[PDB]
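When a residue number appears, it is its place in the shown sequence, counting from 1. Computation of the quantities below employed the complete heavy-atom set of this structure, encompassing side-chain atoms and omitting hydrogens, waters and symmetry-equivalent molecules.
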Amino acid sequence: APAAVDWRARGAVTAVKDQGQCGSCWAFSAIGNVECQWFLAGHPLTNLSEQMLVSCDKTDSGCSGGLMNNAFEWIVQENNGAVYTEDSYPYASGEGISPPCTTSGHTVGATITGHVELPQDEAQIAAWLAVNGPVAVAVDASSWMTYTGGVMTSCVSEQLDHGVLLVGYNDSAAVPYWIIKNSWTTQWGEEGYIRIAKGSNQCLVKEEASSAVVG
Ligand SMILES: *[C@@H](CS(=O)(=O)Oc1ccc([N+](=O)[O-])cc1)[C@H](CCc1ccccc1)NC(=O)[C@H](Cc1ccccc1)NC(=O)OCc1ccccc1
């Protein structure tokens, strides 16, 4: 695979968002992945709705948690593969309470046909990402509250509890790393991003990787 890949360089990644006091990380991970995949399928980069999932995805638990894989399936099986634009269904769960699901007054910004679950291997995840784009991954974010910048060479890897988005990697640097987009505003980390060492399963990054497929 390529020595280094950064999808932000190809204009495939939207701006960093804010999940607020809502434990809706899984929704930001799933939607961030869809946004990138939609763009890569030959459509203009569009901001999609995390609120749609938090409010309408009943197979998940809104601000109490959820799984990216459940979200991908809900979109396909229950919402006719549609994903609304963020402008038509704005985020309103930052206070910690998700408003009821509304089935009208929204515009479809993208559609997906399914999803694939990637192998639990960093080299294999990197290979898929280099060709197919950003991947939704679950990580242990225990040591992330104190993160201020730089490449994290040591990360607590015990329990998956957070959903984020892998946008790239750099194998040519002193210590190879992954580039990850977080949803805790641009004030956190490196303008909303975090770099963790690659190759030693830092933060359990290879455990639950997946991506939506837009036919
Ligand atoms: C994401 C949470 S976060 O709070 O933004 O992340 C963050 C990480 C770590 C810390 N920390 O160590 O201090 C602080 C902040 C989200 C939180 C959900 C939540 C809300 C309130 C209380 C506890 C938890 N985490 C999830 O939604 C996980 C993400 C995940 C984990 C493993 C594999 C894939 C995705 N999911 C989760 O808890 O799902 C439970 C569930 C399963 C099935 C159906 C419904 C819910």
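Between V5 and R10 there is a side-chain heavy-atom pair separated by less than 4.5 Å. Between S93 and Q19 the shortest side-chain heavy-atom distance does not fall below 4.5 Å. Put simply, the side chain of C155 does not reach to within 4.5 Å of the side chain of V139, judged on heavy atoms.
Checked by atom type, the side-chain pair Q202/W178 shows no donor-acceptor distance below 3.5 Å. At a cut-off of 3.5 Å, with distance as the only test, a side-chain donor of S142 or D140 sits close to an acceptor on the other residue.
From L48, atom CG reaches atom CD of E35 across 4.5 Å, with rounding to the nearest 0.5 Å. Rounding to the nearest 0.5 Å places CH2 of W184 at 12.0 Å from OH of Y147. Once rounded to the nearest 0.5 Å, the distance linking OH of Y84 with CD of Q51 reads 12.5 Å. The CD atom of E50 sits 10.5 Å away from atom SG of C22, with the distance rounded to the nearest 0.5 Å. Between the CZ atom in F72 and the CG atom in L53 there is a gap of 9.0 Å [rounded to 0.5 Å].
The number of heavy-atom neighbours closer than 6.0 Å to CD1 of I97, taken from other residues, nucleotides and ligands shown, is 12 or below.
In summary, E86 and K17 engage in a salt bridge, as defined by a charged side-chain N under 4.0 Å from a carboxylate O.
Judged by distance alone, with hydrogens and angles left aside, the side-chain atoms of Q37 form no donor-acceptor pair with the main-chain N or O of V213 at under 3.5 Å. At distances below 3.5 Å, at least one donor-acceptor pair connects side-chain atoms of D60 with backbone N or O atoms of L67.
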